[PDB]
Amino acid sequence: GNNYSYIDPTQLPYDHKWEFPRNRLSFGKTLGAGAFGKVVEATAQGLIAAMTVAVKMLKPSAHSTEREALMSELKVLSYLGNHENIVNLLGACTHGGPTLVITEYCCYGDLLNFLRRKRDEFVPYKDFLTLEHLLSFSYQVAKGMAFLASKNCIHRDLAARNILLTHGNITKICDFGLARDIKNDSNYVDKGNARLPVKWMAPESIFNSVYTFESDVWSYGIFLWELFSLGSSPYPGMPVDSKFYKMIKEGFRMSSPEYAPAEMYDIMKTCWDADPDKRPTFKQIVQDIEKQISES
């Protein structure tokens, strides 16, 4: 009985099959900077000639616990494996300097800014943005999240800003700094003291700091609202304050975006069930969207 346990991927050794020499890595422009650190475009010569990649790194002032967390994220990505709809791990630099995590590069950037740029040219039916594209995006994000859940992982920051768009209109979930394997407890209780994405969070995460497969599903529902509203900020007209929390707890939910199909707003509503047990799984969401695509 006690001779069997769940292998914790963050306790496994770093596998040097990922190691890439930093003297073949040339940094280009900065792609983003924030609590996650710094992300740059780069060329990784000979990782496969020259492929364009993204490289995540910490600020030079970073704490030892920040540095350990980047190593832990590397181990999580190493254990997770490859999927079409995530920003995949390609390599790392783990000695001779600060840790660098090398991942796929997505030339169109984040989906939120993409949507906000294409808002004015959007037309529901027929390059330009159409209802068909938005359904495809909903499907691909659900497939990436189903994959994470099939590996017993939660992302904890699902939002349009953390979805990237690459060639062929393929969407990829990015930023795994907060992702966790929850095989042992079937939840995660956040002990951190960082700023949190309150308007994307399930009420049980706000109130009790508990994260689960089902709280990722809540966030997916908020993502759907962002998507079909073409990049509107969620809960318009509502600051994050005592009024906001009271309303969410009492059962307030956002109305449908104008261009959301009724069956997609139906998914949103089940993602936001107050009872986590009544929310759908990503597996169920994928099957639902599949059938909507086929019926279109």
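From 1 onward, residues are counted along the sequence shown. Rigid core (definition): largest C-alpha set, two forms, superposition within 1.5 Å.
- After superposition on the rigid core, the larger root-mean-square Cα deviation in 9 other deposited structures of this protein belongs to 204-212, not to the other of 221-229 and 204-212.
- Two stretches, 6-14 and 284-292, are weighed by how far their CA atoms sit from the shown form in 9 other deposited structures of this protein after rigid core superposition; the farther one is 6-14.
- Residue 186, though modelled here, lacks coordinates in at least a third of the other entries of this protein that were compared and that model residues flanking it.
- Where the other entries of this protein model the residues before and after it, residue 31 is kept in all of them rather than dropped from a third.
- A chain break between residue 126 and residue 127 is present, corresponding to 4 to 9 residues of the deposited sequence without coordinates.
- Counting the deposited residues that fall between residue 262 and residue 263 and carry no coordinates gives zero.
- Once the C-alpha B-factors are averaged per stretch, 190-198 and 101-109 rank with 190-198 first.
- Taking the PDB entry as given, 90-98 carries the higher mean Cα B factor of the two stretches 90-98 and 220-228.
- Remark: of 39, 53, 238, 268, 238 shows the highest value [criterion: C-alpha B-factor in the PDB entry].
- Note on the listed residues 212, 85, 138, 166: the highest Cα temperature factor in the record is that of 166.
- Among the modelled residues of the chain, residue 156 sits in the lowest third by CA temperature factor in this PDB entry.
- Per-chain ranking of the deposited C-alpha B factor places residue 281 in the lowest third.
- The PDB entry assigns residue 143 a C-alpha temperature factor belonging to the lowest third of its chain's modelled residues.
- Residue 205 sits in the lowest third of its chain by CA B factor, as recorded in the PDB entry.
- Annotation for residue 248: C-alpha temperature factor in the lowest third relative to the rest of the modelled chain, per the entry.
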